[PDB]
Amino acid sequence: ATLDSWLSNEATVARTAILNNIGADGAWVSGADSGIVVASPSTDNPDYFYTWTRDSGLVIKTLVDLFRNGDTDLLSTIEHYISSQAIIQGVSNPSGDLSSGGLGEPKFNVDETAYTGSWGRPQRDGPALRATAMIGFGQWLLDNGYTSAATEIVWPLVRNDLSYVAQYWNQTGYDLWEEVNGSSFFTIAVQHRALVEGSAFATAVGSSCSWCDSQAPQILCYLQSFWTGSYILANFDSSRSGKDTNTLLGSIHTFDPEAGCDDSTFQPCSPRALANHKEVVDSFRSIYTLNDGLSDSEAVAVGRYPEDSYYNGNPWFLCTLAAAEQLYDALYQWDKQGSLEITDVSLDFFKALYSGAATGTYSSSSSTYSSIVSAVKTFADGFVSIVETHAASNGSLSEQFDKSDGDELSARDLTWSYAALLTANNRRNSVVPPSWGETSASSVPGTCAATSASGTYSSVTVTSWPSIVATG
Ligand SMILES: *[C@@H]1O[C@H](CO)[C@@H](O[C@@H]2O[C@H](CO)[C@@H](O[C@@H]3O[C@H](CO[C@H]4O[C@H](CO[C@H]5O[C@H](CO)[C@@H](O)[C@H](O)[C@@H]5O)[C@@H](O)[C@H](O[C@H]5O[C@H](CO)[C@@H](O)[C@H](O)[C@@H]5O)[C@@H]4O)[C@@H](O)[C@H](O[C@H]4O[C@H](CO)[C@@H](O)[C@H](O)[C@@H]4O[C@H]4O[C@H](CO)[C@@H](O)[C@H](O)[C@@H]4O[C@H]4O[C@H](CO)[C@@H](O)[C@H](O)[C@@H]4O)[C@@H]3O)[C@H](O)[C@H]2NC(C)=O)[C@H](O)[C@H]1NC(C)=O
Ligand SMILES: *[C@@H]1O[C@H](CO)[C@@H](O[C@@H]2O[C@H](CO)[C@@H](O[C@@H]3O[C@H](CO)[C@@H](O)[C@H](O[C@H]4O[C@H](CO)[C@@H](O)[C@H](O)[C@@H]4O[C@H]4O[C@H](CO)[C@@H](O)[C@H](O)[C@@H]4O)[C@@H]3O)[C@H](O)[C@H]2NC(C)=O)[C@H](O)[C@H]1NC(C)=O
Ligand SMILES: C[C@H]1O[C@H](O[C@H]2[C@H](O)[C@@H](O)[C@@H](O[C@H]3[C@H](O)[C@@H](O)[C@@H](O)O[C@@H]3CO)O[C@@H]2CO)[C@H](O)[C@@H](O)[C@@H]1N[C@H]1C[C@H](CO)[C@@H](O)[C@H](O)[C@H]1O
Ligand SMILES: *[C@H]1O[C@H](CO)[C@@H](O)[C@H](O)[C@@H]1O
Ligand SMILES: *[C@H]1O[C@H](CO)[C@@H](O)[C@H](O)[C@@H]1O
Ligand SMILES: *[C@H]1O[C@H](CO)[C@@H](O)[C@H](O)[C@@H]1O
Ligand SMILES: *[C@H]1O[C@H](CO)[C@@H](O)[C@H](O)[C@@H]1O
Ligand SMILES: *[C@H]1O[C@H](CO)[C@@H](O)[C@H](O)[C@@H]1O
Ligand SMILES: *[C@H]1O[C@H](CO)[C@@H](O)[C@H](O)[C@@H]1O
Ligand SMILES: *[C@H]1O[C@H](CO)[C@@H](O)[C@H](O)[C@@H]1O
Ligand SMILES: *[C@H]1O[C@H](CO)[C@@H](O)[C@H](O)[C@@H]1O
Ligand SMILES: *[C@H]1O[C@H](CO)[C@@H](O)[C@H](O)[C@@H]1O
Ligand SMILES: *[C@H]1O[C@H](CO)[C@@H](O)[C@H](O)[C@@H]1O
Numbered sequence: 001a002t003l004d005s006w007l008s009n010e011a012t013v014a015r016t017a018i019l020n021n022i023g024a025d026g027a028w029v030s031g032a033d034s035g036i037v038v039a040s041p042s043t044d045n046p047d048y049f050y051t052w053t054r055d056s057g058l059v060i061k062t063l064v065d066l067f068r069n070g071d072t073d074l075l076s077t078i079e080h081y082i083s084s085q086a087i088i089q090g091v092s093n094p095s096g097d098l099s100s101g103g104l105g106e107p108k109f110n111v112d113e114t115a116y117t118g119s120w121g122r123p124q125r126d127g128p129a130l131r132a133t134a135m136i137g138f139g140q141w142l143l144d145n146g147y148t149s150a151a152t153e154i155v156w157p158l159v160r161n162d163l164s165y166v167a168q169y170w171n172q173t174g175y176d177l178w179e180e181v182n183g184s185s186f187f188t189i190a191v192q193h194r195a196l197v198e199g200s201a202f203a204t205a206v207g208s209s210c211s212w213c214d215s216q217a218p219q220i221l222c223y224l225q226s227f228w229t230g231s232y233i234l235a236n237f238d239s240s241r242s243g244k245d246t247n248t249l250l251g252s253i254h255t256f257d258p259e260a261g262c263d264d265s266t267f268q269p270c271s272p273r274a275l276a277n278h279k280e281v282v283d284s285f286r287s288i289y290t291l292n293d294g295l296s297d298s299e300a301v302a303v304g305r306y307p308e309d310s311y312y313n314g315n316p317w318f319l320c321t322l323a324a325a326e327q328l329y330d331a332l333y334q335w336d337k338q339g340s341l342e343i344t345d346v347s348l349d350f351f352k353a354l355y356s357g358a359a360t361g362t363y364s365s366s367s368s369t370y371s372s373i374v375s376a377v378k379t380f381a382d383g384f385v386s387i388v389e390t391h392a393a394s395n396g397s398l399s400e401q402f403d404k405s406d407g408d409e410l411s412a413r414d415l416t417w418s419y420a421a422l423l424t425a426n427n428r429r430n431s432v433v434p435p436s437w438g439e440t441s442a443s444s445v446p447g448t449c450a451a452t453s454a455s456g457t458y459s460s461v462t463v464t465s466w467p468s469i470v471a472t473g
């Protein structure tokens, strides 16, 4: 259809736009140092001309996955990013130094200097996201015979971030939206993932991560507290409803293609994540004029949380895309398992799309399965069509689009918007990321403990990169 063709062209635009926003040769961000991912080229109203640890880590993980799938030209970009982080980790900033909390700093200036003004800090998701981005590249290096680069450059950088996560996971901080000082779902979810794949990577390079091992099960134990019985609470210490796309992002960014529909890790197809999907998406149905007249079986424009007032509270391209991505992931999981189960917890999600839905197990050859997957795919594509409808004529994607008229607003050419388009398109095409080991990390301890483990910190100096030749 036109969505299919639009997506193919948009994937090309998205890749180009991301590169334009990375220093020091990116066309839109002159001034940014080598390997520095800039959030948006907007220098004023709003000023997003900074580098955030979260946006950078999410964008680089996307590029690493494209690279591993054959986009070999991205090699230099990834190397520059890793080199830049060896420096950033050691930059003294308002959150502290390398070994005293500095790794939790949310953003830095594009020239690698500290941002010293007031900001919601620290944001503890950053080190976890950066670790996940680097581990993926480290895995490729190991697999392709560049052991020294993996052991001497990547591992030591990752070791710093993993130590930060194990030491401070059980402390409050700001959420991914940089507004709530408390304990956040997305953050705890990505931290659990990071420690698990961090331990595997440490073993692979001939080292160890005892703090990853002792803390991962405890983070998972705590993660269970976020389930309210009807949806996933986005944050503790908040007065809001708790319905927030923060939870959809937590699910899609911790999606493991080898995982079943596991409730303990909130996988995309788990009953808990499906129930949550409907609760979150439904919260935007009556608050945006853009959604007027749409039925419960139709996709709608999705924002961050219903109480949002940032730029008056509007839908976000990356949030609308996350709503579609969780469903593409679920379709993949059901297909791989050869069945789909409907439980009392997820019944409402299914009933809204297929009125004949009833609890039970449906094999992939059954009529019910066929009806449900068709309806889910159409629903998911619906979210992507809304994005297509409001993207600029040349493919530009801003941070937000107007709740009433759909015009683009806030930061223009937002790097994260482009990465979210790339991942949603990939999942739609059944292109999935490497597994992180969820199948051996979904067991919940019988008793949760408020605890931590201190790892180790050491400054890394990147002398040089071996002449890596990527072909495939
Ligand atoms: C698809 O097509 C679109 C349309 O062409 C493409 O988007 C355009 O892309 C160009 C870049 O190629 C952007 O140019 C920059 O513009 C800003 C100014 O932007 C503001 O003003 C614009 C014009 O307003 C006037 O005209 C319009 C239309 O007639 C009218 O509506 C308005 O009322 C007014 O009369 C606005 O259009 C623009 O709006 C957009 O952005 C908003 C905020 O993000 C957003 O909310 C809106 O929805 C809208 O999207 C906005 O209000 C210039 O400041 C900027 O200039 C810098 O960069 C150029 C090089 O690109 C350089 O020559 C300049 O010297 C300057 O350099 C500084 O900034 C750079 C980073 O941006 C940095 O690298 C430099 O080192 C330097 O930085 C230093 O100085 C700054 C000083 O503040 C400091 O902060 C730094 O720290 C540092 O010291 C560009 O000229 C267009 O804005 C943009 N247009 C739109 C509509 O988005 C799109 O890219 C295409 N997509 C694809 C995939 O191809
Ligand atoms: C450090 O780790 C320890 C160990 O894991 C953490 O301790 C656990 O903390 C959770 C969260 O506080 C706690 O769960 C609460 O248990 C209470 C009963 O024992 C519940 O009454 C409480 O209810 C809230 O959460 C429900 C979902 O579980 C919601 O349905 C309900 O509406 C409540 O949420 C509202 O109220 C809270 C107030 O707590 C508010 O913050 C929310 O925004 C919302 O308005 C919880 O279920 C566990 O009992 C604790 N476990 C142990 C062993 O002590 C500790 O929190 C961690 N600290 C940090 C900073 O990470
Ligand atoms: C770029 C972010 O801009 C906003 O965040 C600022 C906000 O404007 C400030 O007012 C202040 O917010 C404080 C509240 O005023 C106060 O009531 C209480 O909530 O504490 C907060 C924090 O001190 O600081 C924050 C920054 O911490 C906006 O609200 C954020 O959502 C914006 N973040 C987005 C952009 C960024 C880069 O692309 C993304 O990483 C992030 O996920 C986005 O949400
Ligand atoms: C998640 O991982 C646990 C082990 O930690 C398994 O028991 C479970 O079945 C799922 O694979
Ligand atoms: C599954 O595994 C976890 C550790 O990963 C245990 O804590 C739990 O008790 C169960 O054996
Ligand atoms: C947190 O608590 C655990 C036990 O609950 C310890 O093993 C750890 O050293 C830290 O004190
Ligand atoms: C993490 O925090 C615990 C306290 O909960 C300490 O015991 C540990 O040494 C580390 O600092
Ligand atoms: C936690 O504690 C260890 C020692 O117990 C330190 O090496 C680490 O830097 C952090 O302070
Ligand atoms: C923690 O452990 C690392 C790795 O052994 C040391 O290099 C560091 O100095 C600290 O003692
Ligand atoms: C801690 O570890 C780093 C990484 O190997 C070294 O660069 C530093 O000198 C210290 O031994
Ligand atoms: C590790 O940290 C030191 C400062 O302690 C820096 O000089 C180095 O560049 C790296 O960031
Ligand atoms: C990397 O190594 C250099 C020395 O070669 C240190 O100065 C730096 O702090 C980091 O340990
Ligand atoms: C690259 O190699 C030099 C060799 O002298 C080290 O000093 C530096 O710390 C980095 O590992």
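Numbering-wise, the sequence shown is residues 1 to 101, 103 to 473 according to PDB author numbering.
In this text, a Cβ means the ideal position worked out from N, Cα and C, and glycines have one as well.
Sequence-distant residues of the same chain with beta carbon closer than 6 Å to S56, five excluded per side: Position 56 of the sequence shown, counted from the first residue, corresponds to residue 56. Around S56: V37.
Closest Cα partner of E280 within the set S185, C262 and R305: For the purposes of this step, residue 280 is taken as the residue at position 279 of the sequence shown. Answer by Cα proximity: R305.
Minimum length 3: unbroken beta strand (DSSP E) runs contained in the stretch 122-198: Correct list: 182-185.
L328: first and last residue of the uninterrupted alpha helix (DSSP H) it sits in: Taking the first residue of the sequence shown as position 1, residue 328 is located at position 327. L328 -> alpha helix (DSSP H) spans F318 to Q338.
Touch test, the stretch 263-271 against the stretch 321-340, Cβ-Cβ under 8 Å, three pairs minimum: yes
C-alpha distance - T379 paired with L249, whole-angstrom precision: Here residue 379 refers to the residue found at position 378 of the sequence shown. Here residue 249 refers to the residue found at position 248 of the sequence shown. Going by the C-alpha atoms only, they are around 19 Å apart.
Candidates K404, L3 and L275: closest to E342 by CA position: Here residue 342 is taken as the residue at index 341 of the sequence shown, counted from 1. Answer by Cα proximity: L275.
Cα-Cα separation between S265 and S30, rounded to whole angstroms: Here the question's residue 265 lines up with position 264 in the sequence shown. Here the question's residue 30 lines up with position 30 in the sequence shown. Taking the straight line from one Cα to the other gives about 45 Å.
Nearest-residue set for ligand 5, Cβ under 6 Å from any heavy atom: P218, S444, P446 and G447
When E259, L221 and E400 are compared against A451, the one with the closest alpha-carbon: Here the question's residue 451 lines up with position 450 in the sequence shown. It is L221.
Per-residue DSSP class, three states only, for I343: The residue you call residue 343 lines up with position 342 of the sequence shown. Strand at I343.
Whole-angstrom C-beta distance between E113 and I87, which should lie under 8 Å: Taking the sequence shown and counting its residues from 1, the one referred to as residue 87 is at position 87. Taking the sequence shown and counting its residues from 1, the one referred to as residue 113 is at position 112. About 6 Å; that satisfies the 8 Å criterion.
Those runs of the alpha helix (DSSP H) which lie wholly inside the stretch 18-71 and span at least 4 residues: Listed in chain order, they are 53-68.
Rounded C-alpha distance that separates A376 from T344: Start at 1 with the first residue of the sequence shown, and residue 376 comes out as number 375. Start at 1 with the first residue of the sequence shown, and residue 344 comes out as number 343. A straight-line Cα-Cα distance of about 18 Å links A376 and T344.
For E389, the three-state DSSP class (helix, strand or coil): For the purposes of this step, residue 389 is taken as the residue at position 388 of the sequence shown. In this structure, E389 counts as helix in the three-state DSSP scheme.
Beta carbon of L234 nearer than 9 Å to that of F285: On the sequence shown, residue 234 is found 233 positions in, with the first residue counted as 1. On the sequence shown, residue 285 is found 284 positions in, with the first residue counted as 1. Cβ atoms of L234 and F285: not closer than 9 Å.
Through-space distance from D382 to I373, alpha-carbon basis: Taking the sequence shown and counting its residues from 1, one reaches residue 373 at position 372. Taking the sequence shown and counting its residues from 1, one reaches residue 382 at position 381. Going by the C-alpha atoms only, they are around 14 Å apart.
contact_flag[the stretch 385-397, the stretch 410-429] where n(CB pairs < 8 Å) is 3 or more: Yes, the stretch 385-397 touches the stretch 410-429.
CA-to-CA distance, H80 to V13, given in whole angstroms: Within the sequence shown, the letter at position 13 stands for residue 13. Within the sequence shown, the letter at position 80 stands for residue 80. About 22 Å.
From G118, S368 and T152, residue whose alpha carbon lies closest to that of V463: Within the sequence shown, residue 463 is the residue found at index 462, counting from 1. Of the listed residues, the one whose Cα sits closest to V463 is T152.
Inter-residue CB distance, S226 and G183 (contact presumed, cutoff 8 Å): Taking the first residue of the sequence shown as position 1, residue 226 is located at position 225. Taking the first residue of the sequence shown as position 1, residue 183 is located at position 182. 13 Å between Cβ atoms; not a contact.
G230 CB to nearest heavy atom of ligand 2 below 8 Å: On the sequence shown, residue 230 is found 229 positions in, with the first residue counted as 1. Because some heavy atom of ligand 2 lies under 8 Å away, the Cβ of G230 counts as near it: yes.
Sheet register partners of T362 (DSSP bridge): Counted from its first residue, the sequence shown places residue 362 at position 361. BP columns for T362 point to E342.
Segment contact flag, the stretch 43-51 with the stretch 68-76, C-beta cutoff 8 Å, min 3 pairs: no
Helix, strand or coil at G456 according to DSSP, with G and I counted as helix: Counting from 1 along the sequence shown, the entry for residue 456 is found at position 455. Coil at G456, not helix or strand.
Any non-hydrogen atom of ligand 11 closer than 8 Å to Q338 Cβ: The residue you call residue 338 lines up with position 337 of the sequence shown. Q338 has its CB no nearer than 8 Å to any heavy atom of ligand 11.
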